[PDB]
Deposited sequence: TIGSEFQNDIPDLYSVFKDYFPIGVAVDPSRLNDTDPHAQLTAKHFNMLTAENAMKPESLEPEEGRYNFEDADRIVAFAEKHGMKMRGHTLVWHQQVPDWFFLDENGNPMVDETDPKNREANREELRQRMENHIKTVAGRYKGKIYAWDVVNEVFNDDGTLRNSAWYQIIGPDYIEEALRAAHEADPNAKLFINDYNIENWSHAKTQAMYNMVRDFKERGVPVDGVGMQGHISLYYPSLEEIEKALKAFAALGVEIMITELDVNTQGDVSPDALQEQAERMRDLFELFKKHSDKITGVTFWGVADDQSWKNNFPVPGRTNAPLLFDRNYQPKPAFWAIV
């Protein structure tokens, strides 16, 4: 093949990743070839979300997740696990009490204290089982995802209402204990802009962890970013700030969301961002492209026929 291997262009800056579907992983399939050719880091689009792994209490299905991991092993890609604890794509059973009522709806102080304990157990068991299964095979775990409201207050999810603010630290310790080799990330969107309240809440929390000894290695910036905003300057201060805490940064779902002028504009923004990422490659340990957009898993980069798009030539 005559075009450059994307991940090679970024050697000794950072790995380049994509999220995949377990259906698309056969040698027969050009998708799988495009993945193996261009990327050296992989995430499960959905196979490792809570609802995928533990549909019912204590019932696990690892089929698709295993296929994805095996794919990474074969091609020697870094595996991101996504995600251990989240308020979305999480089965209802998790948050039901003894009788099968919403735990959230409990008023009695003695029973709440009992619900708290069951949820901690459930959270930790899920963590131990999943991280335990994949022990040593996972470059980085997204241990928690989207813990913040956009205003920078903690999200009032079931996790938070029942366990209270501790669930996060608890998820991180349990992950650390199950697989010490895995980098532990806290992931979110709207945390690219240093001036944003959210980005600052996340800084404060992470700082707190680093100072209190709570294991955390990295912050995951989703990187749903527009053409003009946030400014490269604003992003830079964010990278500097977190890197000052001694945590790594990953861009976990990079996306710069029709016509011929449209494409060339997005390609230039991407050029710019990648310039900025390269400038700070010491602080950044992976860039994964968002890819649900049928369009490829890296829709920014490769057309529906697997041909390079403007954006791809912009960054190589």
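Enquirer: When the deposited sequence is counted from residue 1, which ranges lack any model?
Expert: In the chain as deposited, 1 to 7, 265 to 268, 305 to 316 carry no coordinates.
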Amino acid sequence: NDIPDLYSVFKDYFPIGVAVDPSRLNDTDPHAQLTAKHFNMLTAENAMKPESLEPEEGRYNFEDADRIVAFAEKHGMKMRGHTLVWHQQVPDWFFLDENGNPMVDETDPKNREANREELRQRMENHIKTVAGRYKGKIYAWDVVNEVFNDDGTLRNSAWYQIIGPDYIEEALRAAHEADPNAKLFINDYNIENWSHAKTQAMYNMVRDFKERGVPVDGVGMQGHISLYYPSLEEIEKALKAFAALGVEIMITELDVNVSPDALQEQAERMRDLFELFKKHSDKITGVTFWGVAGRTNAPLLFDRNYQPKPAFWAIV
From here on, numbers count along this sequence of modelled residues.
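Enquirer: Taking only the CA atoms, which stretch has the higher mean B-factor in the record, 110 to 118 or 83 to 91?
Expert: On average, C-alpha B-factors are higher across 110 to 118.
Enquirer: For the C-alpha atoms alone, is the average B factor greater in 248 to 256 or in 261 to 269, going by the entry?
Expert: It is 261 to 269 that shows the higher mean C-alpha B-factor.
Enquirer: Among the choices 45, 54, 64, 29, identify the one whose CA B-factor in the record is greatest.
Expert: Of the options given, 29 has the highest CA B-factor in the PDB entry.
Enquirer: Per the entry's Cα B factor values, which of 186, 140, 162, 238 stands out as the maximum?
Expert: Most elevated C-alpha B-factor of the set, per the entry: 162.
Enquirer: Mind checking which third residue 9 falls in for C-alpha B-factor across the chain?
Expert: Middle third.
Enquirer: Check where residue 39 lands among this chain's C-alpha B-factors and tell me if it's the lowest, middle or highest third.
Expert: As the PDB entry reports it, the C-alpha B-factor of residue 39 lands in the lowest third of its chain.
Enquirer: Test of reading the entry: by CA B factor among the chain's modelled residues, which third contains residue 284?
Expert: Lowest third.
Enquirer: Give the position of residue 17 by CA B-factor within its chain, expressed as the lowest, middle or highest third.
Expert: Residue 17: CA B-factor falls in the lowest third of its chain.
Enquirer: By the recorded C-alpha temperature factor, relative to the other modelled residues in its chain, which third is residue 124 in?
Expert: Its C-alpha B-factor, which the entry lists for residue 124, ranks in the middle third among residues of this chain.
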